[PDB]
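Enquirer: Questions regarding the structure given below will be posed in turn.
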Amino acid sequence: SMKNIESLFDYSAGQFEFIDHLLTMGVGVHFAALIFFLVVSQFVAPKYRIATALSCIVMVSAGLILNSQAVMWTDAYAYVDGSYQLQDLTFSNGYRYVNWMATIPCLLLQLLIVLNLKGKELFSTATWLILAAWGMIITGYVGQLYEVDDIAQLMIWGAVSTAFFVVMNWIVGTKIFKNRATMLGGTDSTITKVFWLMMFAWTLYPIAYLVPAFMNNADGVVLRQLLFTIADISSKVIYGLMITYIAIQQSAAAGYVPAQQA
Ligand SMILES: *C/C=C(C)/C=C/C=C(C)/C=C/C1=C(C)CCCC1(C)C
Ligand SMILES: CCCCCCCC/C=C\CCCCCCCC(=O)O
Ligand SMILES: CCCCCCCC/C=C\CCCCCCCC(=O)O
Ligand SMILES: [Cl-]
């Protein structure tokens, strides 16, 4: 709450409205995508259809937290004497962290679904990834509690966090490069692209996490939200658009009529 660097600075109108406009824009993008993921669920064979539902759940999950950040952002600061100054203790990024605990399993689970895992291997691989992801999120959460008070502790908890992250991506890549032969309609190619999109998009988060360490000012608060914004759109919206394209393609190849007509 009062432990993040946002509570340390006044913000010009340009900075403050630009952050607000980033968060509100993120609301309209996620809820717009929800409609798309929703309408296309009928062109998906029952095999992969849960991957699309998981996108919808992600769109609303991220959308409600962005909407909450937007409102909290406007409730915390008031334009006084030519700047926006903290009025209450309501804004913090810790609500992004508590969100990721939900959305990250969904993002991984729909990856395993289109990879065509099933049964024991779906349940086993899902458990380790979700436990490695949560370990990454919980040590990352504890680390940003100190982004103001203890920069050293932020580095340590970040290092513990990145161990989970690396173990997590290793497992992900291992299943992709061992199961892509199974995939239909040529998506063995597409899935390789998705994996790198993950590598890129998700790597932006630890960079946002480190902003207080190399850019401890108000334009670092703007840079961070701009980094988070690019990361969400790529890791949730674009990622799920590709998961969706893979679901339909494989559905059509496997003889699902609604898919083959779309
Ligand atoms: C939609 C949100 C997503 C996909 C969030 C992903 C978050 C991460 C990959 C966070 C990673 C972190 C580390 C690897 C170490 C530093 C602390 C974190 C949590 C920022
Ligand atoms: C840490 C708590 C447990 C986390 C592991 C989660 C395990 C994932 C289990 C199944 C997820 C949904 C399965 C959907 C597969 C589609 C097959 C079907 O439609 O019958
Ligand atoms: C559930 C039982 C234990 C689970 C282990 C969780 C993984 C934690 C890994 C190591 C984190 C240690 C970092 C300690 C912070 C040092 C800063 C301090 O002095 O408080
Ligand atoms: Cl999220």
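The numbers here are math on the coordinates, done by the rules we state, and not lab data. Every residue, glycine among them, receives a Cβ derived from its backbone with ideal geometry; neighbour counts consider all protein chains shown.
Enquirer: Somewhere in region 151-167, is a residue more than 30 Å from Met2 (Cα to Cα), surrounded by 14 or more Cβ atoms within 10 Å (Cβ to Cβ) and in contact with a helix residue (DSSP H, G or I) (Cβ under 8 Å, 6 or more places away or on another chain)?
Expert: Taking region 151-167 first, the residues more than 30 Å from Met2 (Cα to Cα) are 166-167.
The next check asks that each one be surrounded by 14 or more Cβ atoms within 10 Å (Cβ to Cβ); those that pass are 167.
Then drop every residue that is not in contact with a helix residue (DSSP H, G or I) (Cβ under 8 Å, 6 or more places away or on another chain), which leaves 167.
Yes: region 151-167 contains one or more residues that are more than 30 Å from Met2 (Cα to Cα), surrounded by 14 or more Cβ atoms within 10 Å (Cβ to Cβ) and in contact with a helix residue (DSSP H, G or I) (Cβ under 8 Å, 6 or more places away or on another chain).
Enquirer: Report, by residue number, each residue of region 133-150 that is more than 23 Å from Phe195 (Cα to Cα), surrounded by fewer than 20 Cβ atoms within 10 Å (Cβ to Cβ) and either of a type in the set (D, E, K, R) or within 16 Å of ligand 2 (Cβ to nearest atom) (or both).
Expert: Going through region 133-150, the residues more than 23 Å from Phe195 (Cα to Cα) turn out to be 138-139, 141-150.
Imposing the further condition that a residue be surrounded by fewer than 20 Cβ atoms within 10 Å (Cβ to Cβ) reduces the set to 138-139, 141-142, 145-146, 148-150.
Hits for region 133-150 are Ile138, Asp149, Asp150.
Enquirer: Looking at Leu38, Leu64, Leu22, can you tell me which residue is out of contact with any strand residue (DSSP E or B) (no Cβ under 9 Å at 6 or more places or on another chain), over 30 Å from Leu154 (Cβ atoms) and of a type outside the set (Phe, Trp, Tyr)?
Expert: The unique qualifying residue is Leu38.
Table: residues versus (1) within 30 Å of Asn67 (Cα to Cα); (2) over 15 Å from the mean Cα position of the chain (by Cα).
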position	(1), (2)
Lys178	no, yes
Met183	no, yes
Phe200	yes, no
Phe214	yes, yes
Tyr239	yes, no
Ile243	yes, no
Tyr256	no, yes
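Enquirer: Follow-up question, since we're still on this one. Could you tell me which residue of region 68-91 is farthest from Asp20 (Cα to Cα), considering only residues that are part of a strand (DSSP E or B) and without any contact (Cβ under 8 Å) to a residue 40 or more places away in the chain?
Expert: The extreme case among them is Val80.
Enquirer: Looking at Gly26, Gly94, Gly63, which is the one that is surrounded by fewer than 17 Cβ atoms within 10 Å (Cβ to Cβ) and of a type in the set (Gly, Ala, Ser)? Write out each step before concluding.
Expert: On the way: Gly26 fails: surrounded by fewer than 17 Cβ atoms within 10 Å (Cβ to Cβ); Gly63 fails: surrounded by fewer than 17 Cβ atoms within 10 Å (Cβ to Cβ).
Answer to the selection: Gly94.
Enquirer: Within region 154-177, is there a residue that is in a helix (DSSP H, G or I), in contact with a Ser or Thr (Cβ under 8 Å, 6 or more places away or on another chain) and within 23 Å of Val27 (Cβ to Cβ)?
Expert: no
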